[PDB]
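As structure tokens, one chain now follows by itself in the form deposited in one PDB entry.
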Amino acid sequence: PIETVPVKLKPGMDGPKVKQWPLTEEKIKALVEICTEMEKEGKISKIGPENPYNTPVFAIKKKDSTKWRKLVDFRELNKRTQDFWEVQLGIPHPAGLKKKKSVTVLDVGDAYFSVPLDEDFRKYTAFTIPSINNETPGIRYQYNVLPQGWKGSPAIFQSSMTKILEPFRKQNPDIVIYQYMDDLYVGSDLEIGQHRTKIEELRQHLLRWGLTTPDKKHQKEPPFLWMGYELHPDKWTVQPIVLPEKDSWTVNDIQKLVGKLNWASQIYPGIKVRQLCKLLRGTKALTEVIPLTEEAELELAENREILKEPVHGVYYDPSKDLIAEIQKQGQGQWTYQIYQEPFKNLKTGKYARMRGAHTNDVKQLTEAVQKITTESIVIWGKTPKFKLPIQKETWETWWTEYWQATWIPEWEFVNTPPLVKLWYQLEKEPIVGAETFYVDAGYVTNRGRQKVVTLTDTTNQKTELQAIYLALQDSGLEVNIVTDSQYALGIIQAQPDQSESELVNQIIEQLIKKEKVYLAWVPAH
């Protein structure tokens, strides 16, 4: 039989003592037939009045079916039951699977009901079938197997299935079995007749421990729709997403559209949501209607075209290399694809995470590489070889002078415009005979020049940036700027090429036009 897992209640806690709700002679009749079928099956056993714990039971019928079902409400038992090691809380991504010639899904029936429950814990599973006559019975029972709806069932079940399946796995290294809750996906490369026979041997093996599964005639056939994917033994994709042809778009419509579109990016390359996301600005209600912009519908129209052509992902070939490739799609947007054979994508993606208010493409490209690397270790257990549109020299120049430690794995330059470059470089030492601007919102130069300008609604820090803006504006192609603003120095010295701040974007516009610029900080008073 399957070995028992020891269970306990959270410390300093007693079993549930809750009142069974008043039933109905009708429902009492049903529960009594159900519990009787069950006690003959060993699943449950009548108990003495020795036991003081109680859990409410009730009866429902099958959804769109005329037949009685027994439900047991375990909220209280559950609040008091100890925590278990998480059930499978992380799932496989299709791109990390290996192709199989045939895949079969075996649905396990009465899974839980076939597994024993800790002998000393059974008492807490007590429930009561009420009598129809006043001083007549009031049938008491406890569970002997794992109850549906109880906290520890999924975990105990998974754990046990794993022990039952182990022997079969050793004798059958050819077969690959994946356990997902109630299902068993079983794949192999055997000739189809050999496969069918193995599946039968698995069914036999599982029957020895009382586990029932569906016969060849009643087994689901690929493709399998799983977790938003559509799986074939030889390829995968997201289950078809269809774009509406509405003329009126609600704020809510757009968020659903963006969500779906986002999901599609994992295999559909070229998907864009920037303009559809812009429709959300300042919206006042989930039911407000927003008209599309010339831009939002070009984008929508473009996405609608990409999605028409169904594209599938290919499965992983462990004997081959993983290559990851990256392209700048637009300002702050990057797309990548990971493949083993050219244009035969295992998976695609987009990166737009801005980590901070100001950045440059080098920094951002580097964070893109990190994300992909982490994703890769998780799906395939190894880092891919990257192809990036940046030359080592640009990379090295930035890395070498940035204050944070950084690293980019094995990479090959790929000439795919647009190429990433640094748009400007700050001088490392002061420029000889270039005017010197002393800023504090206004400046004074060594040549007697000056401007004390006016700003309203300006914050302390934003007044500092403005001053620098002024100096850059009224100066020539070579400047020396002296500021006491460690904040400004920080922003600019990171050499951003894009910013959330408009003012920063202007300063940036000026830094790109200059020949040589040198920034220096000096203490306050």
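Quick note: we count residues from 1 along the sequence shown, nothing fancier. Think of the rigid core as the biggest set of C-alphas that the two forms share within 1.5 Å after superposition.
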property: Gap size, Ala441 back to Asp440 (deposited sequence, no coordinates); result: 10 or more
property: Residue stretch of maximal mean CA temperature factor, 374-382 vs 247-255; result: 247-255
property: 132-140 versus 316-324 - greater average Cα B-factor per the deposited record; result: 132-140
property: Of the residues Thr366, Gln337, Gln275, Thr454, the one carrying the largest Cα B-factor as recorded; result: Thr454
property: Residue selected from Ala471, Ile492, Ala59, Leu477 by maximal Cα B factor; result: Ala59
property: Record-listed C-alpha B factor of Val108: chain third; result: middle
property: Chain thirds of CA B-factor: placement of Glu201; result: lowest
property: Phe343 by Cα B-factor - lowest, middle or highest third of the modelled chain; result: highest
property: Within-chain third of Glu297 by Cα B-factor, per the entry; result: highest
property: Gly90, C-alpha B-factor rank within chain (lowest, middle or highest third); result: highest
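What comes next is about the form deposited in another entry, which is not displayed.
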{"item": "Answer among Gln391, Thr250, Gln340, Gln82 for the CA shift between this form and the one not shown that reaches 2 Å or more, rigid core superposed", "value": "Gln82"}
{"item": "Rigid-core frame, C-alpha of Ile129, shift of 2 angstroms or more between this form and the one not shown", "value": "yes"}
{"item": "After fitting the core, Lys17 CA displacement of 2 Å or more between this form and the one not shown", "value": "yes"}
{"item": "Exceeds or equals 2 Å, Cα of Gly152 between this form and the one not shown, core fit", "value": "yes"}
